[PDB]
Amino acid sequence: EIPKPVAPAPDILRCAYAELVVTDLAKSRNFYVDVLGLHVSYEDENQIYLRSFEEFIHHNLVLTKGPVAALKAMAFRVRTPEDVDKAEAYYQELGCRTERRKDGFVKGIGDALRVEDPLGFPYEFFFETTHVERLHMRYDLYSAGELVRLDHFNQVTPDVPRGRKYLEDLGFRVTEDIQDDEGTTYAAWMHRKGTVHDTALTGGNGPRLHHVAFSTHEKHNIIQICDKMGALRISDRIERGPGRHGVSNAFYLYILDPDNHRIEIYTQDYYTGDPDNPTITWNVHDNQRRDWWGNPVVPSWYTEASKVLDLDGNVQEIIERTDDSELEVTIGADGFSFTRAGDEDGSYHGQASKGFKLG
């Protein structure tokens, strides 16, 4: 277990941006700008800085050209300048490598701390950022599929309870989780900003980045993204969805960028800001937990995720999960799922729902 430091945790506001390394900057720009409609704050031959419709900080996504596609940083904004100092002390007490840059790692961010966290993930904490034009009423620019906010990250890690405890000490509150009756946690969701989550842990080999998620206003905006991908004849880049989540109650879609980085589009989860917010636990065999309508979860969703980098820019080595696999226990050969607890009718033995099996 990861000890609770004596040093106070930084006051984290929210997820703020991700830096993704991409192999072909022009192909990635086509995806995030021409397909998805994100707004360009800055670009050059090496990077593209993108933001959502309602954002006022400099960016929500930095695309950085490099040799190996990977997550380079997942950044959280803290409440005050002094919280960056607290972050450095906190992670130092945890025994983690840290790097501090007074003028930032990326453009439009000031004083910033990056850390190799105890789960092997590159976290950034910052307060200072260049404000830009907030585009929230620029309906002259608004797309039929407009991405309005950055909502969350989702991380793949082999030991969910170990990670959960560490994030709770850092001040994240768990809103929902998936467990079974034999003591295994498969996934947990945790927040600072008062939505279902700012980050989440998914059980699996890791550290890897499962996805970054953006919000829309309405469900039809997500439908439009699907429709547009069909018109562009890139429906093969729709991985899973659209659907209604069980966990989070959000309407959702997962798509894959040119380096196979997974992006979720998400809308209409619920308020979690009260400190005694009720924590919802789903059983791993409940076939409504991930897709409320019971649609099967494609195997790539469980197996595939992005590499993450260390502070030197090298790929983090992957540690195998030894706990039970959500894929295996639900849709694998000895898997099981139910529609109604205790009812054989609507249950699935050794295959996925709706008439499918693993490819």
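Counting begins at 1, following the sequence as shown.
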Assert higher mean C-alpha B factor (261 to 269 or 106 to 114, deposited values) equals 106 to 114
Avg C-alpha B-factor, entry values, 313 to 321 vs 293 to 301, higher side is 313 to 321
Highest CA B factor of 151, 85, 176, 227, as deposited, is found at 85
From the entry's CA B-factor values, the highest among 36, 57, 62, 331 is 331
Residue 121: CA temperature factor from the record, placed by chain third, in the middle
Assert third(CA B-factor, residue 130) within chain per record equals highest
Split the chain's modelled residues into thirds by Cα B-factor; residue 207 lands in the middle
Chain thirds by Cα B factor, record data; residue 241 belongs to the lowest
Chain thirds by Cα B factor, record data; residue 164 belongs to the middle
